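A.B. asks: Before I ask anything, here's the sequence and the deposited coordinates:
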Amino acid sequence: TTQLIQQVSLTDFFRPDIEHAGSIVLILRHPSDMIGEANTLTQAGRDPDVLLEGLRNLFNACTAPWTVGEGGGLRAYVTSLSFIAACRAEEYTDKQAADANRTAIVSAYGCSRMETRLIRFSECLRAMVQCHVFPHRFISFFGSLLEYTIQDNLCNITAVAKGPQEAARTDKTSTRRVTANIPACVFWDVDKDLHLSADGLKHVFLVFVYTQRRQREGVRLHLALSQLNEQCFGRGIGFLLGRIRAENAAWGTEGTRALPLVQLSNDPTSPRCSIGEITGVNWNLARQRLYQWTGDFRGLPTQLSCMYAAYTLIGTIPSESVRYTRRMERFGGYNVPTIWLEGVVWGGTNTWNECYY
Amino acid sequence: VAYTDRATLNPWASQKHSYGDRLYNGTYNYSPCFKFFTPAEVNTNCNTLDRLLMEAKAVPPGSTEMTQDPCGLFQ
Amino acid sequence: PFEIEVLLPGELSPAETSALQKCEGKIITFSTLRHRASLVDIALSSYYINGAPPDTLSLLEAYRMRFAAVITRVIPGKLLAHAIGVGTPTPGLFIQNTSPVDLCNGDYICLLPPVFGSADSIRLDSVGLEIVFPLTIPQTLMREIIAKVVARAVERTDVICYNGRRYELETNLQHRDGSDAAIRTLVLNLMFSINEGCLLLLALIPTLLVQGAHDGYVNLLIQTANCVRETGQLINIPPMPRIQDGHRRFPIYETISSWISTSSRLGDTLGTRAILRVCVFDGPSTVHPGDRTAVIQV
Amino acid sequence: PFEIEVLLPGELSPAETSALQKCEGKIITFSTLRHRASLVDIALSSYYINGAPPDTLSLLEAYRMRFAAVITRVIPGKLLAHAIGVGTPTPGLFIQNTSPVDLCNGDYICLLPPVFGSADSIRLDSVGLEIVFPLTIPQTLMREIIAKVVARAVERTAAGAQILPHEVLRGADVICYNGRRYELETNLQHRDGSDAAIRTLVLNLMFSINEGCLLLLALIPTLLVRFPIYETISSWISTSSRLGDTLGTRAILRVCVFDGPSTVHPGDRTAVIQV
Amino acid sequence: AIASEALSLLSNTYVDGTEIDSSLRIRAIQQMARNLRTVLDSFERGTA
């Protein structure tokens, strides 16, 4: 009834040893595509190679740094949700839960070359949202972790693709069943902000809030759980994010007379330009003036410079009146508040809807 | 081919770019006369006609273009 | 296979029960999905926005917000129905054609309120409510209708030919709290389709109509359009500026790329999205009004 | 499970029936679904419209209205296939890569007509028909492909329309994926498909955008510091909605690889899951 | 309701025979009986 996906990768961003069974795991595209997209989509005036500076130092502080460029299949493919949650923990509203998860992921990992890795990833995302290379097209989604095998610094993991959560058999734990586990920092249900009844079926989304200013950019990651419709979620999110939308509309771009067309077309006795001269023999004295309009529009907010969020459907919960449970348990050698979701069917294609308003 | 005494019957609808071919050719972008002035289809029509002829000589094939389509392979 | 149950009120008249049994493959809607439900949500009374029967444009928004379901076999006591929106496996799904227009194989189905003559619907006097069933047309019919109602909307603040037959639309627009929202979402898309790149495409109008002549394709396209065929002989369009960073940037890329996302979004936000695909096995190519066709979940 | 059989023709020459076996994990498309079918529906002959060969618009449109199916195996006198339609639980579904760009795990599959280069396909001269296979790439690349090829075509008309070309540029357009540069269309000459199939494509796309950011400039004159005026609005909305519906993005499959190599190169086959 | 692990323990069809399951199956069927004995009486109680 369910399907599985296997993949081997480097363990510098993901550790299937400490991560609990049932957590979310994401994958990354090849970093070589970032520069090919940045040098062509960077806003006019901005420096396009600050991303390259921010990116090179990331792998300089990562094992096997001489293995970038060929993509033979031995790169850091997958990553964990808690990793990004800890990298951007200074931006979530739940101060204590954020910093607790941060120190926990620092201690449980190598804890020697981990803090440097985190700050490199932090400004890496900061430079990612500096040239309109938004990190919602480079971060895909995998199902919850089910089984793993590791020998040293290289792991083979398998996760569910789509279907019921407790329809698999992990077959090495105490029980043969697992449930979805998430850090309490990313969880954010919108219906209890929008003040509507929470009964019935609810969808799951991931959002990527963007802040665009001068030398100050921010990117969070929220796992929203709402009963709102497939497309109506966009109109719902704008009501809560109305501030950042207006901030971006004014601080997004930092790098002329009208014409009365309908007026002079409603009235006659205007200079006409019949097709007889556009045939193409002397098409300069025919169009000598005909108007001037002195018109040009270069610097204006595009629909891409005012974007502030991008969501995507992941799964639903058919059981009405969900009863998600939040509690603190040990994660390595530290306790972190995790929320436990039961009976969630994965599915849905990876299509991102961008909320630019 | 049939009348070995003249090329065509009207020089306005049989040339490479005659008036009729320019009006309708199917290759220049319902009409019943489309199945005549269109090389892309008359080629395969006459080709399957030839295949029928060769099968008749060797004496299916197709069992069609005789029924449901007379004068289709005959032009 | 997820099915929802619809509670039939007791003491129902046999005439109403017979009329209800005739509604076998019609589409209904739900505000909140659940296994057990009542009949007050299917009634038109649940559509009320402020205190009254809803408007058309209000129904356009109620169709997006609410979940959808399809009716299946009805027993004298219960009314079973299956859901379509959420991802669920459902074998052998047939729907009943409710529009006056014919459908054929390979047609996407949309959802819109009845804009033709007074919609037929089951009436329940003893219960005191009246349920109305939505109308289903193909996609192309949906876009042409939507464009006309909004055009009439901005006019306040209609014939349609198809298969050689003309139809008249009666647009109900007595409300106002919904008509202004359609104008807001319309200009918002027009405003975001303006980049630094228009000036290039705007500077091609002279050569455009030259290609309109002596080529034989752009003629009616110039005819059906009005703004471009009037601007081409009335404005000068100052020649050209330069690019800020032109050594590594391509400026006509964003305007041709960003526009794609708007056009795809425009057809959905203005009205309803595609919900189903009709594909019948061992059946006729074209279905007539009142008949049932086996359809696929989109 | 539903499966379609494509009746192989008789008297097939050995070189022709052999090359049909070379394309095993290739997808075909069926107008109507049936257990038995001929070959004309698979050939391009059934695909052209108004007599003339189909264009990209007709290609993109027909890909939506027409249904898809995948070939599984070939028999010297029999050819079967499996459908991606209603609910068929096709087991062990594998497909072959027809695009020059590699694929990886967790990538979604969507279809496109061949735009980059000449369409490689089988041609049966003995019977007189040929079978063209659609190109498949991930979703995250599709929107960028269409935007670039139209931008390449409009920049060509601009150079030809303008008395003086504005040649000064950045070099050559290159798409990158998995650290591999494709580098499409080196030369300026060899206008193979410049205006051959995408001719009418750039026409509809440039006019809607022209009508788009002109209608706003002609309705509110305050943005920058006899006449219907409504029929133009209804026409623009109807067109922009239809054009957006045609140029849509809908995933059809998902590459799910188990105990196999993650990255696949053009020509390799891989197992996929029905989305 | 029935637990998925119990369903998997019951649908084995004699592919076992160790000692860490002779008690698991017994407790599963005991839970089954204890649940059914109340689901049955639910109707007798709901009549009134």
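C.D. replies: Right, received. Where do you want to start? Numbers count the residues shown, from 1 in each chain, chains lettered A, B, ... in the order given.
A.B. asks: residue nearest the centroid of chain E?
C.D. replies: Among the residues of chain E, the one closest to the centroid is residue E:32, at 2.8 Å (Cα atoms, centre = their mean).
A.B. asks: same thing with chain A?
C.D. replies: Looking at chain A with Cα atoms, centre = their mean, the centroid-closest residue comes out as residue A:136, 3.5 Å off.
A.B. asks: ok, now which ones touch that one?
C.D. replies: A:208, A:310, A:312, A:352, A:354 (Cβ atoms under 8 Å, 6 or more residues apart in numbering or on different chains). The way it works is simple: take the backbone N, C-alpha and C, and place the C-beta from them, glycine included.
A.B. asks: taking those residues one by one, which sit in strands?
C.D. replies: A:310, A:354 (DSSP state E).
A.B. asks: ok, the contacts of residue A:136 vs residue D:202, which is closest?
C.D. replies: residue A:354 (25.3 Å; Cβ to Cβ).
A.B. asks: check contacts around the closest residue in space to the closest one that isn't next to it in sequence.
C.D. replies: Nearest residue to residue A:354 in three dimensions, chain neighbours excluded: residue A:310, at 4.7 Å (Cβ to Cβ, 6 or more residues apart in numbering or on different chains). Residue A:310 makes contact with A:134, A:136, A:207-208, A:210, A:352-355 under the criterion Cβ under 8 Å, 6+ apart.
A.B. asks: Just the buried ones out of these, please.
C.D. replies: Those of the contacts of residue A:310 that meet the buried threshold are A:134, A:136, A:207-208, A:210, A:352-355, by 16 or more other Cβ atoms under 10 Å in any protein chain shown.
A.B. asks: Now chain B against chain C: closest residue?
C.D. replies: residue B:29 (8.0 Å; Cβ to the nearest Cβ).
A.B. asks: Please see if stretch C:158-168 touches chain B.
C.D. replies: No. Under the criterion of Cβ under 8 Å from any Cβ of the partner chain, stretch C:158-168 makes no contact with chain B; the nearest approach is 13.7 Å.
A.B. asks: Does that stretch reach chain D?
C.D. replies: No. Using Cβ under 8 Å from any Cβ, stretch C:158-168 stays clear of chain D, coming no nearer than 9.7 Å.
A.B. asks: Tell me the bridge partners for residue 7.
C.D. replies: Defaulting to chain A. Note on residue A:7: beta-bridge partners by DSSP bridges are residue A:157.
A.B. asks: try chain C instead
C.D. replies: Bridge pairing for residue C:7 - DSSP bridges - gives residue C:78.
A.B. asks: Enumerate every residue touching it.
C.D. replies: Residue C:7 sits next to C:36-39, C:78-79 when contact means Cβ under 8 Å, 6+ apart.
A.B. asks: returning to what we had before: which one of the buried ones among the contacts of residue A:310 is nearest chain D?
C.D. replies: Nearest to chain D among the buried ones among the contacts of residue A:310, with distances taken as Cβ to the nearest Cβ, is residue A:352, at 9.1 Å.
A.B. asks: Tell me how far the closest one lies from chain C.
C.D. replies: 10 Å (Cβ to the nearest Cβ, to the nearest Å).
A.B. asks: Verify the stated contact: that residue with residue A:311.
C.D. replies: Yes. Shown here, residue A:352 and residue A:311 form a contact pair, counting by Cβ atoms under 8 Å, at 7.2 Å.
A.B. asks: Contact partners for residue 41?
C.D. replies: If you meant another chain, say so; for now it's chain A. A:131-133, C:253-254.
A.B. asks: wrong one, I was asking about chain C
C.D. replies: C:30-32.
A.B. asks: Then residue C:158?
C.D. replies: Contacts of residue C:158 by Cβ under 8 Å, 6+ apart are C:148-149, C:152, C:168-169, C:171.
A.B. asks: Which of those residues fall within strands?
C.D. replies: residue C:168.
A.B. asks: Quick check: of the contacts of residue C:158, which lies closest to residue C:84?
C.D. replies: residue C:149 (25.0 Å).
A.B. asks: Against residue C:156, how distant is the closest one?
C.D. replies: The gap separating residue C:149 from residue C:156 is 10 Å, by Cβ to Cβ, to the nearest Å.
A.B. asks: Neighbour count for these two, which is higher?
C.D. replies: Set residue C:149 next to residue C:156 and count neighbours by other Cβ atoms under 10 Å in any protein chain shown: residue C:149 wins out with 22 against 9.
A.B. asks: Apart from its neighbours in sequence, what residue is nearest the more buried one?
C.D. replies: Residue C:149 sits nearest to residue C:171 (Cβ to Cβ, 6+ apart), 5.3 Å away.
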